[PDB]
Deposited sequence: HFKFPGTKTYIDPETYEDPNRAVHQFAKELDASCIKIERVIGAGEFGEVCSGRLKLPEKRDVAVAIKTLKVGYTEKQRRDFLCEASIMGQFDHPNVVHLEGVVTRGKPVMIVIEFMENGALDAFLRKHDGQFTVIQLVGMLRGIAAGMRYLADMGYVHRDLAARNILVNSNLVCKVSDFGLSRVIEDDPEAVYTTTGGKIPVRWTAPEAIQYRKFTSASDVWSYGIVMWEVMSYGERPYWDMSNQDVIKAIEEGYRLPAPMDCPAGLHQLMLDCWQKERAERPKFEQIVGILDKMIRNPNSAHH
């Protein structure tokens, strides 16, 4: 059981039907817009589910009159997401591909993106709560990594949070395009060498984003200033109250030699020790 790059499929859609269960549109309720995506509005709503008990769902719509080269790309997310089954990876309920408005139906994550969520609750979570959010994200990325999937766009804006503060990896897509530089490893930006090692550099920024409560990595520095800065050995500092051991794990994630960075397996260990005791996150 390892990820099947859909793009080896010829007919792109055959991937959707293998990985993403088609749902009935009459079993889907839209209640609320909660965002907008590349392809159209993200809504909150309900699915059932014969089984029983309406399940709360996020619903990503493909806006009407899409091009063929948006129904392929938009539904590429389902083909990837539906291959995954882990508590710290957003769950697919299924898709709508024909005969009805095109949708991806995803488990409802009450608290939305982790970066917008932490800005609204600035200073409300202890280190041990924050360590826990990252332990989750790291558990997710270890599973995605063991499955041979490379995310390429790990950022707090692409992590979703439920009402128990369980953090889940979302936004499946596998600096080419939207992959912005301030989350990307130097060898991914310069050489397009995308790996789990480069996801770990990005995980390191997510650590900074979390401990800073949704501060923008590198603040207002231009992409070019961030690249020269990182090239000179500049690394971001410990946000307010962020223990030195957590910031140290950040710095190891941000080693310029990709093989010197910890694997997600080790990151989960270092985070568990820290939950279990100061760590000590300074000692």
From the N-terminus onward, what segments of the deposited sequence lack any C-alpha atom in this model? 1-7, 182-195
